[PDB]
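This is input.pdb (PDB, C-alpha atoms).
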ATOM      1  CA  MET T   1       0.000   0.000   0.000
ATOM      2  CA  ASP T   2       1.013   3.579  -0.627
ATOM      3  CA  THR T   3       2.825   5.469   2.122
ATOM      4  CA  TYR T   4       1.374   8.743   3.416
ATOM      5  CA  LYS T   5       3.363  11.178   5.528
ATOM      6  CA  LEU T   6       2.110  13.491   8.275
ATOM      7  CA  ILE T   7       4.074  16.638   9.133
ATOM      8  CA  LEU T   8       3.024  18.151  12.463
ATOM      9  CA  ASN T   9       3.937  21.818  12.728
ATOM     10  CA  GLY T  10       2.897  22.397  16.350
ATOM     11  CA  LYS T  11       3.569  25.569  18.310
ATOM     12  CA  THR T  12       5.901  23.631  20.640
ATOM     13  CA  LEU T  13       5.624  19.992  19.520
ATOM     14  CA  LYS T  14       6.892  19.158  16.064
ATOM     15  CA  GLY T  15       7.397  15.893  14.258
ATOM     16  CA  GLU T  16       6.606  13.555  11.419
ATOM     17  CA  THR T  17       4.983  10.148  11.113
ATOM     18  CA  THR T  18       3.715   7.842   8.364
ATOM     19  CA  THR T  19       1.047   5.284   7.627
ATOM     20  CA  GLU T  20       0.375   2.880   4.786
ATOM     21  CA  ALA T  21      -3.104   2.811   3.310
ATOM     22  CA  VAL T  22      -5.163   2.197   0.213
ATOM     23  CA  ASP T  23      -5.545   5.971  -0.342
ATOM     24  CA  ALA T  24      -5.093   9.396   1.236
ATOM     25  CA  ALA T  25      -8.665   9.441   2.596
ATOM     26  CA  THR T  26      -8.012   6.249   4.563
ATOM     27  CA  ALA T  27      -4.600   7.427   5.793
ATOM     28  CA  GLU T  28      -6.113  10.727   6.891
ATOM     29  CA  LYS T  29      -8.248   8.935   9.491
ATOM     30  CA  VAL T  30      -5.081   7.740  11.246
ATOM     31  CA  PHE T  31      -3.504  11.172  11.015
ATOM     32  CA  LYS T  32      -6.597  13.014  12.323
ATOM     33  CA  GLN T  33      -6.717  10.539  15.210
ATOM     34  CA  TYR T  34      -3.061  11.324  15.925
ATOM     35  CA  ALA T  35      -3.240  15.118  15.759
ATOM     36  CA  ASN T  36      -6.481  15.307  17.709
ATOM     37  CA  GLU T  37      -5.339  13.013  20.545
ATOM     38  CA  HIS T  38      -2.011  14.873  20.879
ATOM     39  CA  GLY T  39      -3.608  18.340  20.978
ATOM     40  CA  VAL T  40      -1.679  19.555  17.904
ATOM     41  CA  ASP T  41      -4.574  19.732  15.469
ATOM     42  CA  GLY T  42      -4.964  22.797  13.234
ATOM     43  CA  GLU T  43      -5.056  23.655   9.547
ATOM     44  CA  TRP T  44      -4.617  20.749   7.126
ATOM     45  CA  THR T  45      -3.027  20.666   3.706
ATOM     46  CA  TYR T  46      -2.577  17.622   1.467
ATOM     47  CA  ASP T  47       0.073  17.401  -1.291
ATOM     48  CA  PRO T  48      -0.704  14.596  -3.772
ATOM     49  CA  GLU T  49       2.830  14.771  -5.237
ATOM     50  CA  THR T  50       4.480  13.644  -2.022
ATOM     51  CA  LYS T  51       1.415  11.961  -0.442
ATOM     52  CA  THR T  52       2.047  14.296   2.508
ATOM     53  CA  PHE T  53      -0.437  15.861   4.902
ATOM     54  CA  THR T  54       0.706  18.856   6.887
ATOM     55  CA  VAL T  55      -1.112  20.046  10.015
ATOM     56  CA  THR T  56      -0.174  23.459  11.397
ATOM     57  CA  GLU T  57      -1.387  24.307  14.894
TER      58      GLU T  57
END

Mind turning the file's structure into structure tokens?
Amino acid sequence: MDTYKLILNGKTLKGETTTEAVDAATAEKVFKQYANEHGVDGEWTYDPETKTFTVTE
């Protein structure tokens, strides 16, 4: 399965993680779970070229 990346641009907490999934929509569920539970949710952007989501708090 394709690999999707998550870049977390938090005010204090910053990092990156990945998940493998059938498509970006499916991967995004994991990433939303992650950002929400870690209190670093914010504005989302998706880049199809790099299969990367960025969330900026």

Selection: 12 Å around residue 11 (chain T), only C-alpha atoms, excl. self and same-chain fewer than 2 positions, as a tab-separated table (two decimals) with C-alpha atoms, keeping the file's coordinate frame:
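Result went into result39.tsv, see below:
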chain	number	residue	atom	x	y	z
T	8	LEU	CA	3.02	18.15	12.46
T	9	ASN	CA	3.94	21.82	12.73
T	13	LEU	CA	5.62	19.99	19.52
T	14	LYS	CA	6.89	19.16	16.06
T	15	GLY	CA	7.40	15.89	14.26
T	39	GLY	CA	-3.61	18.34	20.98
T	40	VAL	CA	-1.68	19.56	17.90
T	41	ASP	CA	-4.57	19.73	15.47
T	42	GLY	CA	-4.96	22.80	13.23
T	55	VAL	CA	-1.11	20.05	10.02
T	56	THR	CA	-0.17	23.46	11.40
T	57	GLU	CA	-1.39	24.31	14.89

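Reported to one decimal place, the separation of CA of residue 1 (chain T) from CA of residue 19 (chain T) is 9.3 Å.
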
| field | Output of the PyMOL selection byres ((chain T and resi 30) around 12), listed as a VMD selection string | value | chain T and resid 4 to 6 17 to 21 23 to 29 31 to 37 53
